[PDB]
Amino acid sequence: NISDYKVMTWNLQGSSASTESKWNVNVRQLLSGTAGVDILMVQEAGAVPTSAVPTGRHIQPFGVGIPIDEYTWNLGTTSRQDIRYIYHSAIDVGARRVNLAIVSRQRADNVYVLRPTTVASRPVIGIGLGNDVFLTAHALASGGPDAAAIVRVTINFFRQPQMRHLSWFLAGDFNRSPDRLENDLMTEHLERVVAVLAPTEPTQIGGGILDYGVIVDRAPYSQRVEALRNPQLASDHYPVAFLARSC
Amino acid sequence: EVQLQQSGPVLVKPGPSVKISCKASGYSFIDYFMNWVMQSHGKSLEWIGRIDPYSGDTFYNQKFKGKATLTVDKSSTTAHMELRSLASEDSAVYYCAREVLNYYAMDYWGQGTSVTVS
Amino acid sequence: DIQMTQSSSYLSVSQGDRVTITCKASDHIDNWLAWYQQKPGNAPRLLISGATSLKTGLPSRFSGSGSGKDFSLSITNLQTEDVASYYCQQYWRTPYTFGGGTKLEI
Amino acid sequence: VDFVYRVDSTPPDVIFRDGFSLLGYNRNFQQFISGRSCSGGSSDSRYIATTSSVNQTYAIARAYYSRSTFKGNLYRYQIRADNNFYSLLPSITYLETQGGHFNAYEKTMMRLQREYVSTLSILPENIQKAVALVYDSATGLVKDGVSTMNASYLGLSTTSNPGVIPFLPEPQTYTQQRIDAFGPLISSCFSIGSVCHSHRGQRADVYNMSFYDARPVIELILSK
Amino acid sequence: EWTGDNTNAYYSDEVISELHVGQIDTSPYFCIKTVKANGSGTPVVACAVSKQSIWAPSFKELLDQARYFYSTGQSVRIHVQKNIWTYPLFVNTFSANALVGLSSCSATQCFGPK
Amino acid sequence: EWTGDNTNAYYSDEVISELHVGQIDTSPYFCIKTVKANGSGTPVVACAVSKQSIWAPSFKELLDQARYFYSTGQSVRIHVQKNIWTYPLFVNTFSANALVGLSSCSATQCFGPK
Amino acid sequence: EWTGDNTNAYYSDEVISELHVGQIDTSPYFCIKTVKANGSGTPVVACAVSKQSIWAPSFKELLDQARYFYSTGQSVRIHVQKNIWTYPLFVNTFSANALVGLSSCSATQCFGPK
Amino acid sequence: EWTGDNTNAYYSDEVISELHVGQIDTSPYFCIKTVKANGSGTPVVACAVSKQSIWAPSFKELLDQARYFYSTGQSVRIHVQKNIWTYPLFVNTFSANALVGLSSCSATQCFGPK
Amino acid sequence: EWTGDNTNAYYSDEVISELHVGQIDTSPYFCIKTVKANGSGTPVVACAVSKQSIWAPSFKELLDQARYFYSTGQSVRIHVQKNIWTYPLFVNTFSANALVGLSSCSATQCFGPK
């Protein structure tokens, strides 16, 4: 399930730090240690950590096939191998510069690339852990125009016959508050196929709740995944943590 | 409002190829799956196929293949249903409806395109 | 193709009657079904989608229920406009199929 | 093993619909075995016990059915293992060489349970059937009942993972932590509350099994 | 002379909430202050000395059972022969009861004499 | 005279569901109401008095073992010698059997005399 | 002569943090260093020998009890008697006190003598 | 006459898979079915009677110890005096061996006589 | 003659890594091979026979406790009396040391004679 993993979302846009520092110092604080993060959605991943080495494992992702390059990124010392698998996405189509990275604790037996219907939108790149899927997105900064189409394409793709059993969870910088995204998915989306997950307080020094995630309702125990906001990091907007509601 | 302006009724020759346009107006046509349902003058509904306008993906009912070839044009937001071998049994009203999500109910339908052979 | 059927082809029910129409499927389509209302001339209007989600902006008198291979569209207080054909259509598999059509009556 | 079992109070439909979810994110295994991260202590365990022996499920149910406060029913949820179902012995043997320490009370417990901890949440795709365990008070037996078999049970050709639980955090050299256990010295991670029950709709009242320290009851039955 | 005699009272659904051990008259003893498994009822305090009363032979095997049950806290039916101790500061401290036997209890049926 | 005598009935696949400990005729004793692990059969109530029957020498070792199997609840194969006690109320309370030993049980084979 | 005599000082809310077992004058003994449940007070060390003091009969039943409470690490009310041991290097090591009886302690009330 | 006596066979890396306590010739006893930790080898059974063999005095010290090593199922090295029990139905049930001493086992070193 | 005598060497902070039980000269015994909590030091093998050495009366208590500290694996300061066993094969197998008393240990200081 989704609550099964400590899923988190974050964007590297900082406007005041280095392009690769937050990868080494900030993201590590979220991932290192079992009390860290399981799956971290890193938007604006201009480049993966230099300390990571590509694994060369070819990927034939579902949906739209774009080059997805997986890296091995040790986090701990050379003795205790805290191996992390960074699923990056840089160059796909004329709408180049995806810069979406999904670093996870375990390697993903499947990777999904769900290009929304819009032409200038970013492809929804996600990983697959057994019967669990964790997608991320990065809508346009002009008000999340494809934000709706970003979540819809994900739904449409995971209502397929073979992709139905999966419990997917899209989370990224939608650039559109939940009340605005939930507005684009209400006129006809009347089954509540997805339950938007966003924190209470804003998620940007100047913005609102642009950073959040969305979990399919029909997926098991989707109601447990509560979207909390990680304390301020070096980026421009907070990282959104998707933990499980206590029991 | 979201509506599906269908084409007018069409009477066909014995077994020609007929086209049933479905003008999709009021929403992002390139975002949803356009379906196609045929209902005899007194029988129930029978969904023919679907068409994903963004990528042109198509899924038929495995029995209208030889008598229906779905196709759309992103420009003008219209879905064309080229039906072949319009036998006397094909005399019915063909509805087109936008599917909200892949494998989901069809929110908005068309007024109907009564096709008849003679 | 997972066909579907409606045991009641003409659910004769007068006004204000609790008109529940049955629907049996050939495979588990839990939470994945659509109920379309179709007047004699009008086009099929989606009433319920999924398990029981009533279409936004529709009368609350309607009500869906069931899962697996059985379903039931409950109509608490019938109405002349509501006296029309109904079709239960699964969308769990790519070959879609509609109910037999329970054309209402009085 | 091939099919691990778990006793729960949620009806079969709830599990076949939602399945079994973890209690939290705490991956500290030394805490899980001792029941500290399960319903006993912090209640944030990231595993699910899922004993392999059907006898343990009877013991689990007998532990519950044999209380003057438990009213609801209890059925066994036969759970198919997969690449994410991990036993203890491979996980303990690794946590030992890594500097950890599992005092003989934990080893004593772990040997009786035959646990197969599910690092991931047990999805309904794995739960095969739910055997409603009936209890004859006059005899104290735990007999089976209507075995409502799951509908969407994906009968994959998978078995338990004989490897080591991945992402096991650094262990504690010496814990002396209260080993919570209920009934006939069953690990606390088998209780109904050992898995989150935040299911859709009104959460049916789950029994709050009062656990006990397994360390003494163990040390008492060994010596003398 | 048996824990199940009609003269020995039994308190079912009891859990040993507290346990005491010590010595009296140069002989070890243990007192259990049991409560109902559901917290109801009245505190039932049952004692047993190692050499004083006729139930002394079972002391070595009751204490180990009282200690065991106490560790588990499970419901049990404690059997007591009331009014067996007379030492004022003893009877008044724990009770006049004298634990003559413990027995595991199920939900309704308490395995033991009644 | 041995726990595996053909005259000592043995009930395999049992689990000690309840464990009673008391005294009878100035001698400790303990009765175990064991039930089949798979819920089949009928509860086997087995006792072992410390000074009454010929199995007394084993009491101190049965109780300490029955307690261990009752605590763990693991499957066992208890051995009993039917019709050993003669106290009417006792046999009417627990049983006429007399626990003559216990034995651990694996998945299919129970290591012990059969 | 009783573990609850007014002449025996009792320490409530105590937990056995350390337990020592040994022999003195060709007779086993054990010492328990008890600290307050909330870490307050001073470490109260209480010993007991098997054949030294008048509380010898209970050593067998106290060591096993101390060993029990020392395991569960729960709050307990130990009853010690001041100025019982006289061996020079002993009293300087553990204490001059001599354990005479323990008792479980709940949240508020420590069941036992006082 | 010692568990490490060359005339006693020692089985290393064994785990006590099944433990059975019984009575024979009015004397308690217990037999352990020890299998290799890796499931290899053959079932190595070893008994110990309270009064029969020269290794009887250590019975109480081995039953409670076997019960300990049986509970933990840890790797242990058991010592056996082969051909010590002559009762026909006994030797045929468990073994002719006589458990003379147990020993914990590390990864490779089985601490004990060899 | 006391576990804390200056002649009874003590090894502090050790944990009982192994525990062997057997018999020697018609009397039970056990030997605990203790190692430091931090893997430092040398294995301190301390034996204890039930009736051979002057420490006979404490065997049943040290064993019952040495088994406990071995079960808990908690750091303990075991007191040994070097050069007390004389049997050649024995002293070569476990050690010449003789366990005279155990003691629990805190983070830094061990509660016991030093």
# chains A, B, ... in the order shown; residues from 1 in each chain; ligands from 1

call {"tool": "calpha_fit_rmsd", "arguments": {"fixed": "chain E", "moving": "chain F"}}
result
0.4 Å

call {"tool": "select_by_dssp", "arguments": {"residues": "range 20-116 of chain D", "states": "strand (DSSP E)", "output": "VMD selection string"}}
result
chain D and resid 74 to 80 85 to 87 116

call {"tool": "residues_around", "arguments": {"residues": "residue 97 in chain G", "least_positions_apart": "3", "cutoff": "6 Å", "atoms": "only C-alpha atoms", "output": "PDB file with N, CA and C atoms, in the first residue's frame"}}
result
ATOM      1  N   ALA G  46      19.042  -4.673  49.485  1.00  0.00           N
ATOM      2  CA  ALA G  46      18.461  -5.630  50.417  1.00  0.00           C
ATOM      3  C   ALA G  46      18.972  -7.020  50.078  1.00  0.00           C
ATOM      4  N   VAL G  80      12.653  -4.724  54.112  1.00  0.00           N
ATOM      5  CA  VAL G  80      13.990  -5.033  54.593  1.00  0.00           C
ATOM      6  C   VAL G  80      14.026  -4.829  56.101  1.00  0.00           C
ATOM      7  N   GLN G  81      14.960  -5.524  56.744  1.00  0.00           N
ATOM      8  CA  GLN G  81      15.191  -5.403  58.178  1.00  0.00           C
ATOM      9  C   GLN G  81      16.583  -4.828  58.390  1.00  0.00           C
ATOM     10  N   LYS G  82      16.659  -3.723  59.125  1.00  0.00           N
ATOM     11  CA  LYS G  82      17.926  -3.029  59.307  1.00  0.00           C
ATOM     12  C   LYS G  82      18.809  -3.760  60.312  1.00  0.00           C
ATOM     13  N   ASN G  83      20.119  -3.725  60.066  1.00  0.00           N
ATOM     14  CA  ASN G  83      21.114  -4.249  60.997  1.00  0.00           C
ATOM     15  C   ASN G  83      20.897  -5.741  61.257  1.00  0.00           C
ATOM     16  N   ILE G  84      21.012  -6.524  60.187  1.00  0.00           N
ATOM     17  CA  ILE G  84      20.895  -7.971  60.258  1.00  0.00           C
ATOM     18  C   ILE G  84      22.219  -8.657  59.942  1.00  0.00           C
TER      19      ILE G  84
END

call {"tool": "interface_residues", "arguments": {"of": "chain B", "to": "chain C", "cutoff": "9 Å", "atoms": "only C-alpha atoms", "output": "JSON, numbers by chain"}}
result
{"B": [43, 44, 45, 46, 47, 48, 49, 59, 60, 61, 62, 95, 102, 103, 104, 105, 106, 107, 108, 109, 110, 111, 112]}

call {"tool": "interface_residues", "arguments": {"of": "chain G", "to": "chain E", "cutoff": "6 Å", "atoms": "only C-alpha atoms", "output": "PDB file with N, CA and C atoms, in the first residue's frame"}}
result
ATOM      1  N   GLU G   1       7.416 -11.745  64.479  1.00  0.00           N
ATOM      2  CA  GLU G   1       8.081 -12.453  63.392  1.00  0.00           C
ATOM      3  C   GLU G   1       7.198 -12.472  62.150  1.00  0.00           C
ATOM      4  N   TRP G   2       7.373 -11.472  61.289  1.00  0.00           N
ATOM      5  CA  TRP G   2       6.576 -11.359  60.075  1.00  0.00           C
ATOM      6  C   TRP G   2       7.176 -10.268  59.203  1.00  0.00           C
ATOM      7  N   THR G   3       7.182 -10.501  57.888  1.00  0.00           N
ATOM      8  CA  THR G   3       7.767  -9.535  56.964  1.00  0.00           C
ATOM      9  C   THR G   3       7.091  -8.175  57.046  1.00  0.00           C
ATOM     10  N   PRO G  57      14.114 -19.413  55.967  1.00  0.00           N
ATOM     11  CA  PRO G  57      13.101 -20.261  55.317  1.00  0.00           C
ATOM     12  C   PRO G  57      12.543 -19.679  54.032  1.00  0.00           C
ATOM     13  N   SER G  58      12.490 -18.354  53.910  1.00  0.00           N
ATOM     14  CA  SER G  58      11.884 -17.716  52.751  1.00  0.00           C
ATOM     15  C   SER G  58      12.879 -17.398  51.643  1.00  0.00           C
ATOM     16  N   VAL G 100      13.183  -9.294  53.432  1.00  0.00           N
ATOM     17  CA  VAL G 100      12.294 -10.224  54.115  1.00  0.00           C
ATOM     18  C   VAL G 100      10.988 -10.445  53.370  1.00  0.00           C
ATOM     19  N   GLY G 101      10.756  -9.746  52.263  1.00  0.00           N
ATOM     20  CA  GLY G 101       9.531  -9.920  51.512  1.00  0.00           C
ATOM     21  C   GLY G 101       9.285  -8.809  50.514  1.00  0.00           C
ATOM     22  N   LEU G 102       8.817  -9.172  49.327  1.00  0.00           N
ATOM     23  CA  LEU G 102       8.512  -8.225  48.267  1.00  0.00           C
ATOM     24  C   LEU G 102       7.008  -8.175  48.038  1.00  0.00           C
ATOM     25  N   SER G 103       6.589  -7.223  47.209  1.00  0.00           N
ATOM     26  CA  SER G 103       5.179  -7.072  46.887  1.00  0.00           C
ATOM     27  C   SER G 103       5.051  -6.203  45.648  1.00  0.00           C
ATOM     28  N   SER G 104       4.117  -6.566  44.775  1.00  0.00           N
ATOM     29  CA  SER G 104       3.870  -5.779  43.579  1.00  0.00           C
ATOM     30  C   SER G 104       3.278  -4.424  43.947  1.00  0.00           C
ATOM     31  N   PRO G 113       2.060  -5.274  53.310  1.00  0.00           N
ATOM     32  CA  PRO G 113       2.072  -4.699  54.656  1.00  0.00           C
ATOM     33  C   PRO G 113       2.765  -3.346  54.689  1.00  0.00           C
TER      34      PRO G 113
END

call {"tool": "closest_atom_pairs", "arguments": {"of": "chain A", "to": "chain C", "cutoff": "12 Å", "atoms": "only C-alpha atoms", "output": "Markdown table"}}
result
| residue | atom | partner | partner_atom | distance |
| --- | --- | --- | --- | --- |
| A:159 | CA | C:92 | CA | 8.5 |
| A:160 | CA | C:93 | CA | 8.3 |
| A:161 | CA | C:93 | CA | 6.4 |
| A:162 | CA | C:93 | CA | 10.0 |
| A:163 | CA | C:92 | CA | 11.8 |
| A:164 | CA | C:92 | CA | 9.3 |
| A:165 | CA | C:92 | CA | 11.6 |
| A:185 | CA | C:56 | CA | 11.8 |
| A:186 | CA | C:56 | CA | 8.2 |
| A:187 | CA | C:56 | CA | 7.4 |
| A:188 | CA | C:56 | CA | 7.7 |
| A:189 | CA | C:56 | CA | 9.0 |
| A:190 | CA | C:55 | CA | 6.1 |
| A:191 | CA | C:53 | CA | 5.4 |
| A:192 | CA | C:53 | CA | 8.1 |
| A:193 | CA | C:50 | CA | 9.2 |
| A:217 | CA | C:31 | CA | 11.2 |
| A:218 | CA | C:31 | CA | 8.5 |
| A:219 | CA | C:31 | CA | 11.8 |

call {"tool": "select_by_dssp", "arguments": {"residues": "chain D", "states": "alpha helix (DSSP H)", "output": "ChimeraX atom specification"}}
result
/D:12-18,29-33,54-65,89-97,104-113,214-222

call {"tool": "residues_around", "arguments": {"residues": "residue 45 in chain D", "least_positions_apart": "5", "cutoff": "9 Å", "atoms": "only C-alpha atoms", "output": "number ranges by chain"}}
result
D: 22-29, 31-32, 35-39, 189, 194-195

call {"tool": "write_last_selection", "arguments": {"atoms": "N, CA and C atoms", "output": "compact mmCIF listing (two decimals), in the first residue's frame"}}
result
# COMPACT_ATOMS: atom_id res chain seq x y z
N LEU D 22 0.01 -2.17 7.87
CA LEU D 22 0.98 -2.06 8.94
C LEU D 22 0.45 -1.15 10.04
N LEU D 23 1.15 -1.17 11.18
CA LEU D 23 0.81 -0.29 12.29
C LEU D 23 1.51 1.05 12.22
N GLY D 24 2.59 1.15 11.44
CA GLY D 24 3.33 2.39 11.33
C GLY D 24 4.55 2.26 10.44
N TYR D 25 5.63 2.94 10.81
CA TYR D 25 6.86 2.93 10.04
C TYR D 25 8.08 2.45 10.81
N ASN D 26 7.95 2.20 12.12
CA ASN D 26 9.09 1.78 12.92
C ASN D 26 9.64 0.45 12.41
N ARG D 27 10.84 0.48 11.83
CA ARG D 27 11.49 -0.71 11.31
C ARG D 27 12.39 -1.40 12.32
N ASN D 28 12.44 -0.90 13.56
CA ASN D 28 13.28 -1.52 14.58
C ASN D 28 12.76 -2.92 14.87
N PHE D 29 13.48 -3.94 14.40
CA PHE D 29 12.98 -5.30 14.52
C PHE D 29 13.04 -5.78 15.96
N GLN D 31 12.40 -4.20 18.45
CA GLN D 31 11.18 -3.73 19.09
C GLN D 31 9.97 -4.55 18.65
N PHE D 32 9.89 -4.88 17.36
CA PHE D 32 8.75 -5.64 16.86
C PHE D 32 8.64 -6.98 17.58
N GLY D 35 7.30 -6.90 20.69
CA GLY D 35 5.99 -6.29 20.73
C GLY D 35 5.98 -4.83 21.13
N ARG D 36 7.15 -4.19 21.21
CA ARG D 36 7.20 -2.79 21.59
C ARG D 36 6.60 -1.90 20.51
N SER D 37 6.87 -2.21 19.24
CA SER D 37 6.34 -1.44 18.13
C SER D 37 4.95 -1.88 17.71
N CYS D 38 4.46 -3.00 18.23
CA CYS D 38 3.14 -3.50 17.89
C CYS D 38 2.12 -2.96 18.90
N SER D 39 0.91 -3.53 18.88
CA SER D 39 -0.19 -3.00 19.69
C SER D 39 0.19 -2.78 21.15
N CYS D 189 2.56 -9.04 18.62
CA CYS D 189 2.32 -8.62 17.24
C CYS D 189 1.28 -9.48 16.53
N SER D 194 -2.54 -5.38 16.26
CA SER D 194 -1.21 -5.33 15.67
C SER D 194 -1.22 -4.84 14.23
N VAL D 195 -2.40 -4.63 13.64
CA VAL D 195 -2.53 -4.06 12.30
C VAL D 195 -3.55 -2.94 12.38

call {"tool": "decode", "arguments": {"residues": "range 74-101 of chain G", "atoms": "N, CA and C atoms", "output": "PDB file, in the first residue's frame"}}
result
ATOM      1  N   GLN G  74       9.304  -4.199  37.391  1.00  0.00           N
ATOM      2  CA  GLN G  74       8.130  -3.443  37.794  1.00  0.00           C
ATOM      3  C   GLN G  74       8.345  -2.806  39.163  1.00  0.00           C
ATOM      4  N   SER G  75       7.464  -1.868  39.497  1.00  0.00           N
ATOM      5  CA  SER G  75       7.480  -1.265  40.822  1.00  0.00           C
ATOM      6  C   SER G  75       7.086  -2.303  41.864  1.00  0.00           C
ATOM      7  N   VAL G  76       7.872  -2.395  42.936  1.00  0.00           N
ATOM      8  CA  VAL G  76       7.630  -3.359  44.000  1.00  0.00           C
ATOM      9  C   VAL G  76       7.981  -2.719  45.334  1.00  0.00           C
ATOM     10  N   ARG G  77       7.334  -3.203  46.391  1.00  0.00           N
ATOM     11  CA  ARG G  77       7.583  -2.743  47.754  1.00  0.00           C
ATOM     12  C   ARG G  77       8.366  -3.835  48.474  1.00  0.00           C
ATOM     13  N   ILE G  78       9.679  -3.665  48.556  1.00  0.00           N
ATOM     14  CA  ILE G  78      10.535  -4.612  49.260  1.00  0.00           C
ATOM     15  C   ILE G  78      10.531  -4.267  50.740  1.00  0.00           C
ATOM     16  N   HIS G  79      10.513  -5.297  51.580  1.00  0.00           N
ATOM     17  CA  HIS G  79      10.524  -5.140  53.028  1.00  0.00           C
ATOM     18  C   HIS G  79      11.863  -5.637  53.553  1.00  0.00           C
ATOM     19  N   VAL G  80      12.653  -4.724  54.112  1.00  0.00           N
ATOM     20  CA  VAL G  80      13.990  -5.033  54.593  1.00  0.00           C
ATOM     21  C   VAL G  80      14.026  -4.829  56.101  1.00  0.00           C
ATOM     22  N   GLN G  81      14.960  -5.524  56.744  1.00  0.00           N
ATOM     23  CA  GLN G  81      15.191  -5.403  58.178  1.00  0.00           C
ATOM     24  C   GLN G  81      16.583  -4.828  58.390  1.00  0.00           C
ATOM     25  N   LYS G  82      16.659  -3.723  59.125  1.00  0.00           N
ATOM     26  CA  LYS G  82      17.926  -3.029  59.307  1.00  0.00           C
ATOM     27  C   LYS G  82      18.809  -3.760  60.312  1.00  0.00           C
ATOM     28  N   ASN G  83      20.119  -3.725  60.066  1.00  0.00           N
ATOM     29  CA  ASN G  83      21.114  -4.249  60.997  1.00  0.00           C
ATOM     30  C   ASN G  83      20.897  -5.741  61.257  1.00  0.00           C
ATOM     31  N   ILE G  84      21.012  -6.524  60.187  1.00  0.00           N
ATOM     32  CA  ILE G  84      20.895  -7.971  60.258  1.00  0.00           C
ATOM     33  C   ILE G  84      22.219  -8.657  59.942  1.00  0.00           C
ATOM     34  N   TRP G  85      22.944  -8.169  58.940  1.00  0.00           N
ATOM     35  CA  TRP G  85      24.231  -8.739  58.570  1.00  0.00           C
ATOM     36  C   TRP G  85      25.356  -7.991  59.272  1.00  0.00           C
ATOM     37  N   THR G  86      26.344  -8.746  59.754  1.00  0.00           N
ATOM     38  CA  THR G  86      27.440  -8.188  60.530  1.00  0.00           C
ATOM     39  C   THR G  86      28.814  -8.429  59.924  1.00  0.00           C
ATOM     40  N   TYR G  87      28.919  -9.209  58.856  1.00  0.00           N
ATOM     41  CA  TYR G  87      30.213  -9.463  58.240  1.00  0.00           C
ATOM     42  C   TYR G  87      30.803  -8.148  57.737  1.00  0.00           C
ATOM     43  N   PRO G  88      32.035  -7.783  58.130  1.00  0.00           N
ATOM     44  CA  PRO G  88      32.538  -6.439  57.808  1.00  0.00           C
ATOM     45  C   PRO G  88      32.541  -6.127  56.321  1.00  0.00           C
ATOM     46  N   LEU G  89      33.243  -6.938  55.527  1.00  0.00           N
ATOM     47  CA  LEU G  89      33.353  -6.657  54.101  1.00  0.00           C
ATOM     48  C   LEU G  89      32.025  -6.821  53.375  1.00  0.00           C
ATOM     49  N   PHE G  90      31.042  -7.468  54.001  1.00  0.00           N
ATOM     50  CA  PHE G  90      29.736  -7.635  53.374  1.00  0.00           C
ATOM     51  C   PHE G  90      28.895  -6.371  53.514  1.00  0.00           C
ATOM     52  N   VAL G  91      28.633  -5.953  54.755  1.00  0.00           N
ATOM     53  CA  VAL G  91      27.821  -4.762  54.992  1.00  0.00           C
ATOM     54  C   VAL G  91      28.370  -3.571  54.227  1.00  0.00           C
ATOM     55  N   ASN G  92      29.696  -3.480  54.098  1.00  0.00           N
ATOM     56  CA  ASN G  92      30.281  -2.386  53.334  1.00  0.00           C
ATOM     57  C   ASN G  92      30.011  -2.543  51.845  1.00  0.00           C
ATOM     58  N   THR G  93      29.799  -3.774  51.379  1.00  0.00           N
ATOM     59  CA  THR G  93      29.563  -3.999  49.958  1.00  0.00           C
ATOM     60  C   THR G  93      28.102  -3.761  49.592  1.00  0.00           C
ATOM     61  N   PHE G  94      27.190  -4.553  50.159  1.00  0.00           N
ATOM     62  CA  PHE G  94      25.777  -4.477  49.769  1.00  0.00           C
ATOM     63  C   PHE G  94      24.986  -3.560  50.697  1.00  0.00           C
ATOM     64  N   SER G  95      24.853  -3.951  51.962  1.00  0.00           N
ATOM     65  CA  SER G  95      24.065  -3.195  52.929  1.00  0.00           C
ATOM     66  C   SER G  95      24.100  -3.937  54.258  1.00  0.00           C
ATOM     67  N   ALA G  96      23.604  -3.266  55.295  1.00  0.00           N
ATOM     68  CA  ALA G  96      23.276  -3.915  56.555  1.00  0.00           C
ATOM     69  C   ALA G  96      21.847  -4.436  56.583  1.00  0.00           C
ATOM     70  N   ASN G  97      21.050  -4.129  55.562  1.00  0.00           N
ATOM     71  CA  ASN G  97      19.660  -4.549  55.513  1.00  0.00           C
ATOM     72  C   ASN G  97      19.552  -5.987  55.014  1.00  0.00           C
ATOM     73  N   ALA G  98      18.406  -6.602  55.297  1.00  0.00           N
ATOM     74  CA  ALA G  98      18.142  -7.982  54.902  1.00  0.00           C
ATOM     75  C   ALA G  98      16.721  -8.059  54.364  1.00  0.00           C
ATOM     76  N   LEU G  99      16.586  -8.355  53.074  1.00  0.00           N
ATOM     77  CA  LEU G  99      15.264  -8.498  52.480  1.00  0.00           C
ATOM     78  C   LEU G  99      14.469  -9.572  53.207  1.00  0.00           C
ATOM     79  N   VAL G 100      13.183  -9.294  53.432  1.00  0.00           N
ATOM     80  CA  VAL G 100      12.294 -10.224  54.115  1.00  0.00           C
ATOM     81  C   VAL G 100      10.988 -10.445  53.370  1.00  0.00           C
ATOM     82  N   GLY G 101      10.756  -9.746  52.263  1.00  0.00           N
ATOM     83  CA  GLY G 101       9.531  -9.920  51.512  1.00  0.00           C
ATOM     84  C   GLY G 101       9.285  -8.809  50.514  1.00  0.00           C
TER      85      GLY G 101
END
